[PDB]
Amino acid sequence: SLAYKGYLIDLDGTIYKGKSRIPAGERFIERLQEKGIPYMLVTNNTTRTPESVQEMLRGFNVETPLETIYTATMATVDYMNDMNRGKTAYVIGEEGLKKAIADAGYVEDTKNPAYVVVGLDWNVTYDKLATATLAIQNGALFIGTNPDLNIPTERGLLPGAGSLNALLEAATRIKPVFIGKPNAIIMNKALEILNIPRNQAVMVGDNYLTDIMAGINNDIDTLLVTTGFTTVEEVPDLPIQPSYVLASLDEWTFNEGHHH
């Protein structure tokens, strides 16, 4: 009857919601901190530095150590460093991702790069896509930062990183190695930093396809909170139920545990 010993937690839709608060999300982090329970904040977003995420969270009454924040950009860089294929890349994405990759020592090579890395680019163009296509055809290791097919905006549900990757997969017949949730690489790396065994951890989030499938596919218990992307109405028809479903994180006691 041991309680969970560590937490992996989504941000947008869970701890805050766009520009709006989720006060129970703020209290969830507050309570983790008061109890001394380790956690990681795990996001597919590739546009912010961890410093920027940390500062943004202060506006929602969350003061979290820098080292608790783990983004798909960090995991992408970490994977590139591990695979050790060479310090050249061609990148499609926002400045945050491009700067992280360049800061890690990867220099732009538009023709024979070791890596082609593709995240959301709000200003993607045919020519960027053609450049990536040829580079992939020429043998670069093709990485997608995150598989999300859409990104919610004030305009509506626009194409996400996963849709841009879909164009290149169609054009090259090469499937990208996707780093972000629900895939293994970001989960393994976040678990490593958490330094708690997988069977003592819980993944907490609002998004069934990224957060909850992250737990199902990687064998980690799951807490779905219905404050974000996955609506209350959608829960009954989920093919695989999460370990827990909550309307508010205030319902969580921290006494919950695996097989407990």
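Sequential numbering from 1, following the sequence displayed.
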* Mind pulling up the entry and telling me whether 153-161 or 71-79 has the higher mean Cα temperature factor? => 153-161
* For the higher mean C-alpha B factor in the entry, choose 200-208 or 226-234. => 226-234
* Among modelled residues of the same chain, the CA temperature factor third for residue 138 -> highest
* To do: Classify residue 119 as lowest, middle or highest third according to the C-alpha B-factor given in the PDB entry, relative to its own chain.
  => lowest
* For residue 175, does the deposited CA B-factor place it in the lowest, middle or highest third of the chain? -> middle
* To do: Sort the modelled residues of this chain by their C-alpha B factor and say whether residue 113 lands in the lowest, middle or highest third.
  => lowest
* Which third, lowest, middle or highest, does the CA B-factor of residue 147 fall in along this chain? -> lowest
